[PDB]
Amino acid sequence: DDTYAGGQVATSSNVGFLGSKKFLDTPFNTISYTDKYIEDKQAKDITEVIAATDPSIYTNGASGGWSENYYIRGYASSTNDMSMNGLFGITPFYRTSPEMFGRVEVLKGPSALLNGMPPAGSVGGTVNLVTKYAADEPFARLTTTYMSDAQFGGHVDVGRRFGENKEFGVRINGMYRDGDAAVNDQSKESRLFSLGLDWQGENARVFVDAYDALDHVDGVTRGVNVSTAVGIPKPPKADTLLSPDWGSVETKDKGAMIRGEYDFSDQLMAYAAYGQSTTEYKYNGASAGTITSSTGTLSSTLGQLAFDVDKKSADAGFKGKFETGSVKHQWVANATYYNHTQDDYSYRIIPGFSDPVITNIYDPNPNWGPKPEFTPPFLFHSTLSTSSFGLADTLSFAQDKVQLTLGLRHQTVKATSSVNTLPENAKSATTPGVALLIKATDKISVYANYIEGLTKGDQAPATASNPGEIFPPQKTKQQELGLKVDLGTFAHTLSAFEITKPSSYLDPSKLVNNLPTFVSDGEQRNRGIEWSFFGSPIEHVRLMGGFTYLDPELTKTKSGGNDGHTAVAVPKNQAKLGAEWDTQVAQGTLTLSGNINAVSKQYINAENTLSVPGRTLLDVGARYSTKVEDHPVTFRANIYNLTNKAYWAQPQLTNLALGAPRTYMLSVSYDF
């Protein structure tokens, strides 16, 4: 079995191009969630999977935003930067419904050695989505879903293997759901069709995945801005929508990939992966609300955006083992390629609709005005290309009890834009990694790593002493020290880390030829301690979660103005706890569940003069699983934000947004 006691977490995960590694063999803080856990949470997106019990992950928790939004180790981790089966550029751009995945894997911290630079250059962590393939036994499950107030849905999952040796597999997933959600005047529509094909040969293997997805929100949440002069007013009740009720966002995503492996011997393997995807995004609504008085007056400017992006992606390489003296080597060498082309259509100012719409956030009957026709004109075409070449070796001493991993990767990046007159060139950087793992016993591992993340370099403006200079890719740097303990059915991780991340800015205090200079002297430093755990500490009980302390400090900022201040948006303290308790009832198993998610305050600006308080959220759940004439049936009921706590937290692009209100979810599932 791959799965740990309880069924919710897997025992191994993909560690970029080092491939599959077990929990106690992995000198990084990783976790992998099963499809069972996904169905048990009734998760509708990736955030609801990876944020529920992990204290190193934070979301502002808004309902029906234009994308998912989460941080890992106190840094942004962009939805653009998820991998599928280890390959970037395939998954949906902004929001991914998790019906098509057998695992959701999280690797905490930056990982450029392992993965290369993902398209948006975030460095918080890597989320890897592993698709489903057909199990040996024919399989068909139908599930009907409900989410308050009036969203109804279904999901069908069928699988079957063919050939004399079941060497071919086919796995199909289909999902649709539609209707009013828990926020007033907001509705959500989701559609997925997916396909997982595989062929197992004697010396060779091929895996194909393709999918078609739709995500649509009417009454999309955009959030709102505040100033120090006016203040942050008390949050309205939690089901309030503070963006136009006619506003909407729609993302269509299509993707396909193929992987191939060829075993030359038991010591040498080649592999290749190729994929492509398409994203069509449209948005019509507020570009931002602004709170203009302490009585709750709100001023919302309107904007429109569409973009189309075509992506291509590849990763090919060789893996091998050999021995020298009493040292075992496991090596890999790979090359990656990513390219996208993009068209952007946009109104900054919409004709007829440049006067902002004036409301009050506490109003039960806001007048949002008419809905402008959607006609954004073409603005610019843009491209992004990346490529990389990586080498690594894992050396093992003393019967596999000491493992030293060394490697490096060369990374190249180039961006173009059809409205940029400044020069456009590729830039490169070399990023090393080293990680040490010691097995004290066969139940206890201690580990340390140094590893980097990469972000494309900014370009100096025409106003600067160094006008049009393009910086090389910028290096985020992690040191980590950790301890892992597997007691058998229950496991612990304790880790400490320090991660520095640079930023770049125009600096009026460093004059060259009497002009401001563009520099990469900016720095944020996140130090943290994480204690987390999972599994079944007693019979019939499951328990997952942990506690983190995080110190996310702006150590160097423009002019020194904000030196020593705390980073925006993320909390310093998190405690999360998910529990499940099983009990035999009639002809089936009843499970009760509860979650608590407690966080401390967050700063809203880098001056640290505005903040929002901490908050504690509770969720409860019941689940009944039985057979009806010998067919497995599972009934599920959940309530999220049970106390209907109203809270502000920080999303992308704007200062504040309301967290999701109390939400009920029901589902029933039936195996044929």
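Numbering starts at 1 and runs along the sequence shown.
Between 391 to 399 and 409 to 417, it is 391 to 399 that carries the larger average Cα temperature factor according to the deposited entry. Look at the mean CA B-factor for 219 to 227 and for 480 to 488 in the entry; the higher one is 480 to 488. Of the candidates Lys188, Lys282, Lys475, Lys166, the one whose C-alpha carries the top B factor in the deposited record is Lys166.
In this entry, the residue among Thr292, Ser248, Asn425, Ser78 with the greatest C-alpha B factor is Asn425. In the deposited entry, the Cα temperature factor of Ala575 places it in the lowest third of its chain's modelled residues. Among the modelled residues of the chain, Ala657 sits in the lowest third by CA temperature factor in this PDB entry. Sorting the modelled residues of the chain by their CA temperature factor places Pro502 in the lowest third.
Per the deposited record, the Cα B-factor of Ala52 falls in the middle third when ranked against the other modelled residues of its chain.
Sorting the modelled residues of the chain by their CA temperature factor places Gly614 in the middle third.
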